Amino acid sequence: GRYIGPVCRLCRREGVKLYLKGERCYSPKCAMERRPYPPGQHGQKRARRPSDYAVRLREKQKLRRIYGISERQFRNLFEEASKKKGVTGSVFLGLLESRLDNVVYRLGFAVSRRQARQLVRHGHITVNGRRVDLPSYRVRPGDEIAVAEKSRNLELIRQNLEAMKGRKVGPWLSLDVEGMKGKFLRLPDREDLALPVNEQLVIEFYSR
Amino acid sequence: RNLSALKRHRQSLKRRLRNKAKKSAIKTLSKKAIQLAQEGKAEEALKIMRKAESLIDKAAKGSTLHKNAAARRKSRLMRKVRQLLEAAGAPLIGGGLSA
Amino acid sequence: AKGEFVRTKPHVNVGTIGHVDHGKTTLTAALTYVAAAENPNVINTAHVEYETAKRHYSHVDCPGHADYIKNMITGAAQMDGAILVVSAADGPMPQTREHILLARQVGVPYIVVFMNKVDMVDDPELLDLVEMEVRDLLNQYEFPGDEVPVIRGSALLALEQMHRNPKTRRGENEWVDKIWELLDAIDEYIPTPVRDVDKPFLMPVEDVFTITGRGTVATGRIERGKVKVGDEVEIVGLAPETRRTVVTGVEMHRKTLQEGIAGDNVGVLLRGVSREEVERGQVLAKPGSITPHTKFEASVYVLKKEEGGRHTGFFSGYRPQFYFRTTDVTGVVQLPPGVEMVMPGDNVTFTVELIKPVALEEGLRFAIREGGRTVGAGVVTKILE
Amino acid sequence: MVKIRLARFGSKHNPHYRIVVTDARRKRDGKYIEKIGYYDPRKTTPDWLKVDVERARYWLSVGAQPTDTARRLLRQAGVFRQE
RNA sequence: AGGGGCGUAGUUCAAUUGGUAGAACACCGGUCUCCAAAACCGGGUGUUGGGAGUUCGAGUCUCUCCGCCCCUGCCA
RNA sequence: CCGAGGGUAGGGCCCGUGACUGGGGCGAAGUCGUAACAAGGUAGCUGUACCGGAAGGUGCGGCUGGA
RNA sequence: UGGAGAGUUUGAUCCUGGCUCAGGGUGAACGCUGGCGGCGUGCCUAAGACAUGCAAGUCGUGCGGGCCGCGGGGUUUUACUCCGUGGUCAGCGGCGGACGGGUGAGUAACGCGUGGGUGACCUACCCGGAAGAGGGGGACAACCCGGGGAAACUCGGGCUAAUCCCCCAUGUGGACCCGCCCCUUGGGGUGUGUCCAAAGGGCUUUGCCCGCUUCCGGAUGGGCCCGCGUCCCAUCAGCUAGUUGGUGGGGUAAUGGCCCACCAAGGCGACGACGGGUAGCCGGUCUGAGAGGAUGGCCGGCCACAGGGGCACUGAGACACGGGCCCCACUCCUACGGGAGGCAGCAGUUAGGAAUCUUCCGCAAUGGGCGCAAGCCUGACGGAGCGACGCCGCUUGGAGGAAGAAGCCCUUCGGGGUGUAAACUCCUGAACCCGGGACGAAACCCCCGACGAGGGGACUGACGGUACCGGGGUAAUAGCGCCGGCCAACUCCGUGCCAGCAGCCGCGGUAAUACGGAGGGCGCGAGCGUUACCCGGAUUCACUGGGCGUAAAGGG
Ligand SMILES: C/C=C\C=C\[C@@H]1O[C@](O)([C@H](CC)C(=O)NC/C=C/C=C(\C)[C@@H](OC)[C@@H](C)[C@@H]2O[C@H](/C=C/C=C/C=C(\C)C(=O)c3c(O)cc[nH]c3=O)[C@H](O)[C@@H]2O)[C@H](O)[C@H](O)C1(C)C
Ligand SMILES: Nc1nc2c(ncn2[C@@H]2O[C@H](COP(=O)(O)OP(=O)(O)O)[C@@H](O)[C@H]2O)c(=O)[nH]1
């Protein structure tokens with residue numbers, strides 16, 4: 001179930017800095033900022049020209065690890081992302097952004113991704129009226145994500161909701177900071193998502 | 001230890017006897033009819049074949065022969081008899097046949 | 001065509017003993033015919049039953065005889081009182097001796113006696129001698145042989161006089177009567193124990209059967225708590241691992257039971273289980289209660305030669321057999337250093353490693369035998385594995 | 001004879017019958033002469049009972065005994081109203 | 001559950017007058033070699049199935065116990 | 001009259017099995033030789049025929065995938 | 001809107017070619033591990049044998065009784081109990097037990113698929129139409145009595161009722177022979193002769209409701225027949241006497257050698273007859289770029305079977321799963337002369353097996369049979385149970401937290417790694433607790449309106465005190481494979497061609513990223529591996545899409 005374990009252990013390995021912890025992973029010590037190398041006993045020696053396979057693996061893991069989505073879903077959602085008319089490149093990336101908890105994280109609310117999930121698994125999060133608790137819930141157009149009321153007074157929801165004053169949300173989401181709402185104006189775009197991932201490879205890895 | 005479907009059996013045997021007789025009749029009564037039809041009894045022949053043609057449609061009333069079954073038995077009778085009486089006969093007293 | 005069983009009278013089960021042939025088995029037959037008059041309406045241990053107008057009795061008639069000891073034990077390990085049978089011909093017989101020292105090896109409180117084959121060669125001193133022999137023997141094994149009900153009354157006589165007619169009340173037979181003498185010598189003097197029902201559940205398994213059109217049935221002597229139709233249970237002990245099942249049958253002497261309580265020898269039809277999966281020895285308990293183990297330290301006392309046991313003692317590495325609830329599993333013996341010298345009548349503690357998983361729970365006594373002779377008994381202390 | 005019954009479709013605890021004309025002898029969920037409608041008994045949607053008047057009526061006019069409850073729905077659909 | 005068998009080196013087998021248990025071929029160990037095979041020296045390498053009993057001494061003679069084979073057992 | 005089945009008798013197909021026997025495949029370090037690969041020490045291969053512990057040899061004809 | 005290739009023959013190379021791997025799939029089983037839920041799904045083998053209970057009945061508004069509880073004495077009391085009347089046992093009579101449910105044994109075949117034919121037919125109940133329903137007679141049960149009998153039950157005498165049976169009439173019409181006409185395989189009209197109908201039951205009573213009879217038509221469901229399609233062996237090549245056709249018969253709802261006499265000698269076969277093997281067919285399912293290949297379990301349609309086997313009776317329909325007759329084998333009862341059964345219906349047992357579930361609750365819904373109706377029956381069905389068997393959703397926490405505790409492992413003894421991982425700080429609240437708590441159920445039926453239309457009224461929930469909702473609320477499981485190359489992942493020690501690994505190539509003979517353990521890593525996660533089988537890759541049976549001088553392959 002959703003990994004759970006040494007994550008700023010993958011900020012490493014994938015060698016492409018990751019902030020799955022948020023605050024710290026954002027500090028002068030993303031773990032990455034002290035060891036730009038993979039873990040293990042070796043981790044700092046010549047590296048064989050990674051095979052054509054390896055690259056794709058790493059590209060995929062880069063992405064999948066970047067959400068916490070466990071393979072099964074990851075790869076599953078991928079297939080849906082295939083039949084759907086269009087470029088799998090956009091689509092998929094888009095269908096990865098439609099992930100409730102994700103958006104949660106995408107719209108402040110939670111410092112990081114792994115945290116945004118729990119907010120969902122406890123009710124704290126709410127949609128177009130009625131609340132929801134499935135991290136897999138897929139957001140659709142014109143739907144706002146609101147915090148619950150019992151929470152609004154919680155020490156956490158505060159500080160986290162504060163970091164919004166000043167900072168602007170992604171070009172496909174709004175935000176009633178005082179009224180914790182913000183809608184999902186439209187599926188995000190390749191460019192809007194500045195992710196250290198080369199989707200086109202992650203795609204090739206599922207061909208074989 | 002049992003079930004009451006036996007009602008259907010006893011019953012079975014009963015009417016299995018009812019048309020068993022109605023049937024054997026039509027037969028023994030059809031034969032004699034023609035068994036004369038070649039002799040030349042004309043009049044008497046059409047007499048029996050007339051009783052024959054009755055007993056056939058009769059059985060046709062219940063679950064014994066029903067429709068066409070009876071109609072066939074008749075056609076062959078009103079056939080054999082006739083086809084016979086033309087071997088020197090001429091249909092006396094208008095029996096069931098119609099010339 | 002089955003017919004329920006309904007409670008009224010308390011319940012205490014018992015069985016016969018005494019040297020082979022003497023008088024049991026045939027006598028056991030009698031006791032049934034008798035309490036069958038004015039109630040109710042109308043090689044291998046044989047459970048049967050019968051009830052006095054005062055109490056409910058479950059009767060176990062171990063075939064006796066030598067060779068048949070392991071099987072014998074599991075019998076007097078479940079009965080509250082033994083009917084020591086003796087014939088008014090031969091007297092205190094060897095097996096009558098062995099079916100005695102055992103009783104004291106299993107606790108068995110109080111032992112009613114009974115002189116059988118009475119209608120044979122009268123003799124002044126004899127009938128008054130035999131009864132003297134016995135008691136002189138019961139105290140020879142520390143029993144209340146002096147205050148023991150010694151009824152006389154050759155039972156076959158009772159039987160064949162009840163075979164002519166299945167109906168006869170008390171007094172009407174100078175031969176029946178001599179039966180009720182035992183049916184009142186037992187009714188009285190033989191207590192009625194207290195089986196903890198507040199406790200979980202447990203039931204050693206005696207025999208296992210397969211009732212056609214139903215499945216496997218396991219008969220045993222309830223230990224603690226109780227069990228009614230539809231209760232889950234763990235078959236702890238012996239085999240791969242503790243399997244689980246839902247009791248779907250409980251019957252007392254072939255009569256539907258509603259919730260057999262402790263001290264009730266009932267047959268439990270388990271849901272979805274094969275006769276190969278259920279062995280003797282193992283246990284039926286409350287799911288979560290007890291666990292299979294093979295390494296344990298037990299406080300043991302090794303009998304003295306004069307007390308029956310060994311007379312040469314032993315060292316570490318000796319492999320005797322161990323008796324728990326209803327079976328005999330073998331075990332390797334390992335001593336806590338320097339304890340190497342373990343002689344007779346000594347009292348110490350070491351560790352055993354059984355070659356077969358068994359339901360052990362600390363607080364459970366057992367019994368070490370070997371070469372035909374209880375070498376010593378003890379109790380489970382800490383459990384290693 | 002030829003009835004106008006309800007055939008059960010949809011998943012467990014989620015029934016969805018299909019108003020249909022079938023020989024009274026067929027399995028209720030087996031092959032049928034002609035569907036003329038559906039009915040969601042739990043509504044869960046504005047449209048939970050549509051029927052095909054033109055056909056419902058035709059069958060009734062050639063001998064198609066409806067079900068106690070099947071009839072109730074043709075009724076509610078407005079098949080027997082004559083004005 | 002109860003009877004009766006059967007269990008010795010690595011295998012097939014000999015000692016059953018109660019007396020450290022050998023016989024053959026194997027394998028093991030050295031030497032030569034990379035390492036073997038071969039050759040040459042050198043070796044019983046065994047839980048006598050376990051554990052106890054009697055006995056001065058048990059493969060043998062008692063009992064019990066493990067596995068296996070055979071026979072008879074076994075409806076709450 | 002027909003007729004399930006039973007009975008006598010004799011055929012066909014297939015399967016299992018049989019003292020003994022034929023060759024076959026496989027199997028670290030057995031025995032005999034030396035046919036072939038370099039005119040492989042008699043160019044090789046070949047159909048057939050006779051012969052020989054064994055490879056094989058010789059006859060007749062053929063091939064070059066030999067000089 | 002759709003196609004990826006790698007390892008392996010050599011000192012090396014190119015080609016040919018086989019083997020092998022990476023991808024999906026499954027009614028799965030086996031290993032380690034296993035928390036929740038939903039939806040699916042679960043004897044693939046012995047079509048082996050089966051305890052026990054239940055799987056089909058219902059109408060008294062068809063008819064006469066038995067018996068019991070009650071109008072309450074028939075006369076005046078227990079005389080002729082006539083009957084009032086709700087019931088309950090069986091009989092009579094009707095409709096249903098031929099559908100639903102099970103299984104895949106048989107079958108290579110018009111069995112199935114697909115398209116048609118029937119001037120060669122049938123169809124209970126249900127619609128629309130026409131015409132009827134007049135007289136009469138009679139039996140057998142039930143019951144009374146007698147008899148044999150272990151029983152299952154049976155024989156005999158005699159009452160009695162009907163919508164049971166039969167006779168006459170009626171003849172809208174229908175059936176049949178012969179004639180005529182239309183039409184064309186037996187269809188439609190017509191004339192003379194002959195032949196054929198029928199039942200009453202309840203009411204709220206010259207009228208309704210339910211029945212009945214005859215014909216015509218509608219529906220639906222069928223029978224039969226025909227073209228094309230439908231596996232392996234040709235080391236199987238010839239097969240055929242009811243055989244192929246005819247005529248006249250019997251038979252049937254109907255065609256037909258389906259069956260029968262008589263007659264004629266035919267029919268079929270390399271376009272694969274006959275025979276042997278295997279197998280139920282299909283919609284579809286898996287795989288594939290596609291063409292194909294494989295398959296036919298769940299669900300849906302058709303077929304066939306009901307311990308093995310033969311036959312018929314009733315009937316609209318069966319040669320009949322829980323009907324019958326008989327043989328057989330097996331198992332059981334027996335008062336030894338005769339009786340009994342057939343889970344491939346649902347649960348369950350045992351056997352076989354690598355392996356496949358509860359003797360569950362409810363007719364509340366849907367569907368069915370019978371009833372005017374109330375309603376009764378219904379292991380069809382609606383649910384519940386068990387099993388990670390599969391899919392899908394969810395959990396084991398989140399945010400802080402050290403140039404970095406300990407322990408374990410490496411080390412060029414500086415240190416490096418496991419690792420923000422822990423500890424530690426706050427923060428949320430799976431479970432559990434208390435309260436509340438469904439939808440699925442609206443008509444049958446009743447009342448106003450005519451028992452029509454339309455409006456209103458009442459009863460009814462197995463799953464369940466479940467889902468779900470409100471409040472309260474504890475940091476709360478992790479495993480399995482792999483890390484030489486293919487293929488993501490490397491070091492130390494142990495061992496020393498041993499022990500062992502191994503899908504292919506191959507690893508081990510004293511410095512082994514390959515054996516075994518550890519640290520570390522990679523992958524996937526309530527799972528993860530393994531075995532078996534199908535497709536792919538395999539343009540490796542090549543239609544799409546290959547070949548034959550020397551690689552297999554040109555026939556003398
Ligand atoms: C013994 C077999 C199975 C036991 C099973 C279990 O035992 C128990 O664990 C039991 C718990 C205490 C147990 O451990 N039993 C295990 C033991 C228990 C021992 C207890 C009590 C004693 O006390 C020291 C007790 C007998 C004591 O001995 C004395 C007798 C001495 C006799 C000497 C022999 C003499 C003359 C003789 O002629 C003789 C002979 O008899 C046999 C052979 N050849 C002879 O020549 C006296 O009678 C005393 O009373 C439980 O009861 C369990 O529930 C169980 C029944 C399952
Ligand atoms: N006359 C008589 N015979 C008896 C009596 N008890 C037993 N028997 C007979 O003697 C033998 C007893 O053996 P059994 O009943 O088996 O006793 P068990 O062997 O001790 O169980 C049998 O033959 C019995 O019939 C008795 O009291 N009187």
# chains A, B, ... in the order shown; residues from 1 in each chain; ligands from 1
$ residues_around --residues "segment 175-188 of chain A" --least-positions-apart "3" --cutoff "6 Å" --atoms "only C-alpha atoms (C1' of nucleotides)" --output "PyMOL selection string"
chain A and resi 94+141-147+172
$ write_last_selection --atoms "N, CA, C and O atoms" --output "mmCIF file, in the first residue's frame"
data_model
loop_
_atom_site.group_PDB
_atom_site.id
_atom_site.type_symbol
_atom_site.label_atom_id
_atom_site.label_comp_id
_atom_site.auth_asym_id
_atom_site.auth_seq_id
_atom_site.Cartn_x
_atom_site.Cartn_y
_atom_site.Cartn_z
ATOM 1 N N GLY A 94 -2.117 14.290 -17.594
ATOM 2 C CA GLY A 94 -3.338 14.933 -17.155
ATOM 3 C C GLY A 94 -4.125 14.065 -16.190
ATOM 4 O O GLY A 94 -4.583 14.525 -15.139
ATOM 5 N N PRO A 141 -14.012 18.996 -14.629
ATOM 6 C CA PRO A 141 -14.149 20.439 -14.839
ATOM 7 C C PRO A 141 -15.205 21.143 -13.976
ATOM 8 O O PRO A 141 -16.232 20.569 -13.614
ATOM 9 N N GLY A 142 -14.912 22.398 -13.648
ATOM 10 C CA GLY A 142 -15.806 23.224 -12.856
ATOM 11 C C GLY A 142 -16.109 22.788 -11.439
ATOM 12 O O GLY A 142 -17.042 23.304 -10.836
ATOM 13 N N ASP A 143 -15.322 21.865 -10.897
ATOM 14 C CA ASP A 143 -15.547 21.373 -9.543
ATOM 15 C C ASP A 143 -14.537 21.938 -8.562
ATOM 16 O O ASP A 143 -13.336 21.822 -8.764
ATOM 17 N N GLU A 144 -15.018 22.554 -7.494
ATOM 18 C CA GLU A 144 -14.091 23.109 -6.523
ATOM 19 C C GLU A 144 -13.841 22.118 -5.391
ATOM 20 O O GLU A 144 -14.691 21.281 -5.071
ATOM 21 N N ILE A 145 -12.652 22.198 -4.810
ATOM 22 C CA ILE A 145 -12.277 21.322 -3.717
ATOM 23 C C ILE A 145 -12.209 22.169 -2.460
ATOM 24 O O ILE A 145 -11.349 23.046 -2.346
ATOM 25 N N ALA A 146 -13.106 21.913 -1.515
ATOM 26 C CA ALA A 146 -13.127 22.698 -0.293
ATOM 27 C C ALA A 146 -12.745 21.902 0.941
ATOM 28 O O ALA A 146 -12.964 20.702 1.019
ATOM 29 N N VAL A 147 -12.143 22.582 1.901
ATOM 30 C CA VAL A 147 -11.775 21.929 3.138
ATOM 31 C C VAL A 147 -13.097 21.721 3.873
ATOM 32 O O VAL A 147 -14.132 22.285 3.483
ATOM 33 N N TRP A 172 -4.843 26.556 -14.079
ATOM 34 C CA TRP A 172 -6.052 25.787 -14.366
ATOM 35 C C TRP A 172 -6.803 25.514 -13.049
ATOM 36 O O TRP A 172 -7.594 24.568 -12.963
#
$ residues_around --residues "residue 103 of chain C" --least-positions-apart "6" --cutoff "9 Å" --atoms "only C-alpha atoms (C1' of nucleotides)" --output "list in words"
residues 73, 76, 77, 82, 109 and 111 of chain C
$ write_last_selection --atoms "N, CA, C and O atoms" --output "PDB file, in the first residue's frame"
ATOM      1  N   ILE C  73      -5.923 -45.656  30.377  1.00  0.00           N
ATOM      2  CA  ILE C  73      -5.615 -44.377  31.014  1.00  0.00           C
ATOM      3  C   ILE C  73      -6.552 -43.243  30.633  1.00  0.00           C
ATOM      4  O   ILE C  73      -7.110 -42.566  31.490  1.00  0.00           O
ATOM      5  N   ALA C  76      -9.856 -43.549  32.777  1.00  0.00           N
ATOM      6  CA  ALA C  76      -9.863 -43.157  34.174  1.00  0.00           C
ATOM      7  C   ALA C  76      -9.266 -41.773  34.333  1.00  0.00           C
ATOM      8  O   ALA C  76      -9.010 -41.321  35.442  1.00  0.00           O
ATOM      9  N   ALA C  77      -9.020 -41.109  33.213  1.00  0.00           N
ATOM     10  CA  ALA C  77      -8.480 -39.767  33.243  1.00  0.00           C
ATOM     11  C   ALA C  77      -9.655 -38.827  33.107  1.00  0.00           C
ATOM     12  O   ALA C  77      -9.538 -37.638  33.372  1.00  0.00           O
ATOM     13  N   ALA C  82     -14.341 -44.605  40.055  1.00  0.00           N
ATOM     14  CA  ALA C  82     -14.234 -45.942  39.483  1.00  0.00           C
ATOM     15  C   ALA C  82     -14.907 -47.030  40.319  1.00  0.00           C
ATOM     16  O   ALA C  82     -14.810 -47.053  41.554  1.00  0.00           O
ATOM     17  N   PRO C 109     -11.038 -39.557  42.224  1.00  0.00           N
ATOM     18  CA  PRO C 109     -11.507 -39.530  43.612  1.00  0.00           C
ATOM     19  C   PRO C 109     -12.524 -40.625  43.944  1.00  0.00           C
ATOM     20  O   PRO C 109     -13.444 -40.890  43.165  1.00  0.00           O
ATOM     21  N   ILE C 111     -13.486 -44.701  45.061  1.00  0.00           N
ATOM     22  CA  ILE C 111     -13.659 -45.903  44.224  1.00  0.00           C
ATOM     23  C   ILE C 111     -14.700 -46.847  44.833  1.00  0.00           C
ATOM     24  O   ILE C 111     -14.442 -47.457  45.867  1.00  0.00           O
TER      25      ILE C 111
END
$ atom_distance --atom1 "atom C1' of residue 445 of chain G" --atom2 "atom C1' of residue 375 of chain G"
11.6 Å
$ residues_near_ligand --ligand "ligand 2" --cutoff "9 Å" --atoms "only C-alpha atoms (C1' of nucleotides) and all ligand atoms" --output "PyMOL selection string"
chain C and resi 16-29+61-65+85-88+115-120+153-159
$ residues_around --residues "residue 67 of chain D" --least-positions-apart "4" --cutoff "10 Å" --atoms "only C-alpha atoms (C1' of nucleotides)" --output "ChimeraX atom specification"
/D:3-6,71-74 /G:367
$ write_last_selection --atoms "N, CA, C and O atoms (P, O5', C5', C4', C3', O3' and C1' of nucleotides)" --output "PDB file, in the first residue's frame"
ATOM      1  N   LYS D   3     -46.993 -13.632 -22.351  1.00  0.00           N
ATOM      2  CA  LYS D   3     -47.095 -12.559 -21.364  1.00  0.00           C
ATOM      3  C   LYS D   3     -46.202 -11.333 -21.619  1.00  0.00           C
ATOM      4  O   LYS D   3     -45.405 -11.319 -22.549  1.00  0.00           O
ATOM      5  N   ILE D   4     -46.373 -10.299 -20.791  1.00  0.00           N
ATOM      6  CA  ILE D   4     -45.601  -9.046 -20.854  1.00  0.00           C
ATOM      7  C   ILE D   4     -45.005  -8.861 -19.459  1.00  0.00           C
ATOM      8  O   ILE D   4     -45.494  -8.077 -18.656  1.00  0.00           O
ATOM      9  N   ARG D   5     -43.941  -9.601 -19.184  1.00  0.00           N
ATOM     10  CA  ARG D   5     -43.300  -9.575 -17.881  1.00  0.00           C
ATOM     11  C   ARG D   5     -42.030  -8.730 -17.748  1.00  0.00           C
ATOM     12  O   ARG D   5     -41.570  -8.075 -18.688  1.00  0.00           O
ATOM     13  N   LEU D   6     -41.472  -8.783 -16.545  1.00  0.00           N
ATOM     14  CA  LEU D   6     -40.258  -8.072 -16.200  1.00  0.00           C
ATOM     15  C   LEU D   6     -39.107  -9.054 -16.130  1.00  0.00           C
ATOM     16  O   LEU D   6     -39.206 -10.084 -15.458  1.00  0.00           O
ATOM     17  N   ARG D  71     -48.377  -4.975 -15.343  1.00  0.00           N
ATOM     18  CA  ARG D  71     -49.568  -4.214 -15.713  1.00  0.00           C
ATOM     19  C   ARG D  71     -49.584  -2.865 -15.025  1.00  0.00           C
ATOM     20  O   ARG D  71     -49.974  -1.856 -15.617  1.00  0.00           O
ATOM     21  N   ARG D  72     -49.154  -2.859 -13.770  1.00  0.00           N
ATOM     22  CA  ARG D  72     -49.124  -1.633 -13.007  1.00  0.00           C
ATOM     23  C   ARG D  72     -48.270  -0.610 -13.698  1.00  0.00           C
ATOM     24  O   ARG D  72     -48.616   0.567 -13.729  1.00  0.00           O
ATOM     25  N   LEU D  73     -47.149  -1.057 -14.252  1.00  0.00           N
ATOM     26  CA  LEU D  73     -46.240  -0.133 -14.916  1.00  0.00           C
ATOM     27  C   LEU D  73     -46.684   0.299 -16.311  1.00  0.00           C
ATOM     28  O   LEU D  73     -46.407   1.421 -16.720  1.00  0.00           O
ATOM     29  N   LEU D  74     -47.368  -0.565 -17.051  1.00  0.00           N
ATOM     30  CA  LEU D  74     -47.863  -0.151 -18.362  1.00  0.00           C
ATOM     31  C   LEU D  74     -48.837   0.965 -18.032  1.00  0.00           C
ATOM     32  O   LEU D  74     -48.798   2.049 -18.617  1.00  0.00           O
TER      33      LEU D  74
ATOM     34  P     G G 367     -42.783 -10.145 -12.931  1.00  0.00           P
ATOM     35  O5'   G G 367     -42.402 -11.673 -13.199  1.00  0.00           O
ATOM     36  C5'   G G 367     -41.512 -12.051 -14.258  1.00  0.00           C
ATOM     37  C4'   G G 367     -41.232 -13.533 -14.195  1.00  0.00           C
ATOM     38  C3'   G G 367     -42.434 -14.446 -14.038  1.00  0.00           C
ATOM     39  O3'   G G 367     -43.186 -14.678 -15.219  1.00  0.00           O
ATOM     40  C1'   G G 367     -40.709 -15.188 -12.608  1.00  0.00           C
TER      41        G G 367
END
$ residues_near_ligand --ligand "ligand 1" --cutoff "9 Å" --atoms "only C-alpha atoms (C1' of nucleotides) and all ligand atoms" --output "NGL selection string"
:C and (69-70 or 73-78 or 94 or 97-108 or 138-143 or 300-309 or 322-328 or 345 or 364-369 or 372-379)
$ interface_residues --of "chain D" --to "chain G" --cutoff "10 Å" --atoms "only C-alpha atoms (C1' of nucleotides)" --output "ChimeraX atom specification"
/D:1-3,5-8,11-15,17,22-31,33,40-44,59-65,67-73,80-83
$ atom_distance --atom1 "atom CA of residue 48 of chain D" --atom2 "atom CA of residue 130 of chain A"
24.3 Å
$ interface_residues --of "chain G" --to "chain C" --cutoff "9 Å" --atoms "only C-alpha atoms (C1' of nucleotides)" --output "PyMOL selection string"
chain G and resi 50-52+348-350+359
$ interface_residues --of "chain G" --to "chain B" --cutoff "7 Å" --atoms "only C-alpha atoms (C1' of nucleotides)" --output "list in words"
residues 175, 176, 177, 178, 192, 193, 194, 195, 196, 313, 314 and 323 of chain G
$ residues_around --residues "segment 131-139 of chain A" --least-positions-apart "2" --cutoff "12 Å" --atoms "only C-alpha atoms (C1' of nucleotides)" --output "JSON, numbers by chain"
{"A": [2, 67, 68, 69, 70, 73, 74, 77, 94, 95, 96, 97, 98, 99, 100, 101, 102, 103, 104, 105, 113, 114, 115, 116, 117, 118, 119, 120, 121, 122, 123, 124, 125, 126, 127, 128, 129, 141, 142, 143, 144, 145, 146, 147, 148, 149, 173, 183, 184, 185, 186, 187, 188], "G": [392, 393, 394]}
$ residues_around --residues "residue 249 of chain C" --least-positions-apart "2" --cutoff "8 Å" --atoms "only C-alpha atoms (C1' of nucleotides)" --output "mmCIF file with N, CA, C and O atoms, in the first residue's frame"
data_model
loop_
_atom_site.group_PDB
_atom_site.id
_atom_site.type_symbol
_atom_site.label_atom_id
_atom_site.label_comp_id
_atom_site.auth_asym_id
_atom_site.auth_seq_id
_atom_site.Cartn_x
_atom_site.Cartn_y
_atom_site.Cartn_z
ATOM 1 N N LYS C 228 -21.785 -24.703 21.977
ATOM 2 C CA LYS C 228 -23.088 -24.906 21.363
ATOM 3 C C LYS C 228 -22.961 -24.804 19.845
ATOM 4 O O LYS C 228 -21.948 -24.337 19.332
ATOM 5 N N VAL C 229 -23.986 -25.273 19.135
ATOM 6 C CA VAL C 229 -24.021 -25.255 17.670
ATOM 7 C C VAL C 229 -23.616 -23.886 17.125
ATOM 8 O O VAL C 229 -24.057 -22.857 17.640
ATOM 9 N N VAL C 247 -18.204 -25.550 14.928
ATOM 10 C CA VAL C 247 -18.950 -26.673 15.481
ATOM 11 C C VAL C 247 -20.358 -26.570 14.939
ATOM 12 O O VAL C 247 -20.978 -25.508 15.007
ATOM 13 N N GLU C 251 -23.857 -33.611 20.490
ATOM 14 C CA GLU C 251 -24.803 -34.641 20.889
ATOM 15 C C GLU C 251 -24.328 -35.380 22.145
ATOM 16 O O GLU C 251 -23.136 -35.637 22.308
ATOM 17 N N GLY C 267 -20.280 -35.425 21.408
ATOM 18 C CA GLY C 267 -19.656 -35.644 20.123
ATOM 19 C C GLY C 267 -19.918 -34.395 19.325
ATOM 20 O O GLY C 267 -21.062 -33.985 19.147
ATOM 21 N N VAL C 268 -18.855 -33.776 18.847
ATOM 22 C CA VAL C 268 -19.005 -32.546 18.097
ATOM 23 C C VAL C 268 -18.745 -32.703 16.602
ATOM 24 O O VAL C 268 -17.643 -33.047 16.201
ATOM 25 N N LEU C 269 -19.772 -32.455 15.792
ATOM 26 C CA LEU C 269 -19.639 -32.525 14.340
ATOM 27 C C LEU C 269 -19.068 -31.188 13.901
ATOM 28 O O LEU C 269 -19.726 -30.153 14.009
ATOM 29 N N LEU C 270 -17.841 -31.211 13.400
ATOM 30 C CA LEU C 270 -17.165 -29.992 12.961
ATOM 31 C C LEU C 270 -17.470 -29.671 11.495
ATOM 32 O O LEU C 270 -17.652 -30.589 10.695
#
